[PDB]
Structure formats: structure tokens, C-alpha cells
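Accompanying notes for the structure given below.
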Amino acid sequence: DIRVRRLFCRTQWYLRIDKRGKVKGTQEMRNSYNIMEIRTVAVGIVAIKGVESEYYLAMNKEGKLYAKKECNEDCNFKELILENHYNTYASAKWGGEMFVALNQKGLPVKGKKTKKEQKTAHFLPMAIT
């Protein structure tokens with residue numbers, strides 16, 4: 001697979017990758033640094049790279065959410081689908097554990113707090129269209 005799309009979040013924010021690796025959400029729609037590249041690497045394990053910025057979005061051994069062009073095992077996230085029909089994205093560094101989440105302020109969240117059901121942890125793929 002290969003999937004080009006905007007990653008909408010439940011707290012009405014957009015995942016945006018700064019061209020210096022800053023990962024925060026944006027409210028503006030037609031930004032450009034919010035367009036992603038959903039890539040399949042194995043099972044039901046996926047990797048995302050923002051087309052413009054070119055970085056990757058990862059989770060370190062302790063939880064932080066950063067980015068780089070240097071892949072690692074920190075770049076691997078598993079893509080679930082709760083029955084609400086929303087996806088989730090947990091890490092590979094170790095129920096469910098840590099997910100890609102976003103406060104209602106645009107700022108991301110630290111692994112040691114995420115949880116399956118909360119809204120922050122629910123994102124929604126949408127095409128550029």
C-alpha cells in the first residue's frame with residue numbers, strides 16, 4: 001500500500017510536520033505540511049512521512065513524539081480501527097500501550113498517558129481531494 005492523506009484528529013486539529021521536525025496540529029485546512037504519506041512496512045504496521053517536510057514522526061523509548069529522516073524502530077506504528085471506525089497508531093517500543101495523540105491545544109501527548117478509548121488518540125484519514 002501507499003496512502004496520501006490529511007490526518008484529521010478528534011479534537012479538531014490537523015497533524016502537521018514542520019520542515020525542521022516540529023510536530024503539532026494545525027487548524028488551517030489547505031496548509032501543505034499536513035499532507036501525509038501512509039506507508040506499509042510489514043503486518044499491520046505502518047510508517048508516515050510528510051511529503052513536504054520529509055520527516056517521519058516517531059516515539060522514543062520513554063514516549064516523546066518527534067520526527068527525523070533517519071528511520072529506526074521508533075518510526076514503526078501499528079494502525080488499528082476501533083469499531084467507531086477510527087484508527088489509532090501505537091508504537092513498537094512497547095492491551096495497547098502508547099499512541100499518536102494531540103491535546104486540544106495543538107500540542108502532542110506523552111506516551112505515559114495515552115489510552116485506547118480517549119478522543120485525542122482517535123484520528124481520521126481524509127484525502128487531499
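Every chain in the C-alpha cells takes a letter, A first, then B, and so on in the order presented; its residues are numbered from 1, and the ligands are numbered from 1 following the presented order.
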As a list in words, please: the residues near residue A:55 (cut-off 9 Å, only C-alpha atoms, same-chain neighbours under 4 positions excluded).
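Once the nearby chain positions are removed, what remains is residues 17, 18, 19, 20, 21, 48, 49, 50, 51, 67, 68, 69 and 70 of chain A.
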Go through stretch 50-110 of chain A residue by residue and, counting only C-alpha atoms, keep those with an atom at most 12 Å from stretch 29-44 of chain A; for each kept residue give the shortest atom pair and its distance in Å to one decimal, ordered by chain and increasing number, as CSV.
```
residue,atom,partner,partner_atom,distance
A:50,CA,A:36,CA,4.3
A:51,CA,A:36,CA,5.9
A:52,CA,A:33,CA,6.0
A:53,CA,A:33,CA,6.5
A:54,CA,A:33,CA,9.3
A:55,CA,A:36,CA,10.1
A:56,CA,A:37,CA,9.3
A:57,CA,A:36,CA,10.6
A:71,CA,A:41,CA,11.9
A:73,CA,A:41,CA,11.2
A:75,CA,A:41,CA,10.4
A:76,CA,A:41,CA,8.2
A:77,CA,A:44,CA,8.8
A:78,CA,A:44,CA,5.9
A:79,CA,A:44,CA,6.2
A:80,CA,A:44,CA,8.0
A:81,CA,A:44,CA,10.9
A:87,CA,A:44,CA,11.8
A:88,CA,A:44,CA,11.8
A:89,CA,A:44,CA,10.2
A:90,CA,A:44,CA,11.1
A:92,CA,A:44,CA,11.7
```
Quick one: distance from atom CA of residue A:63 to atom CA of residue A:101 in Å, one decimal?
11.0 Å
Got a sec: who's within 8 Å of residue A:93, counting only C-alpha atoms, leaving out chain neighbours fewer than 3 positions off, as a count of residues only?
5
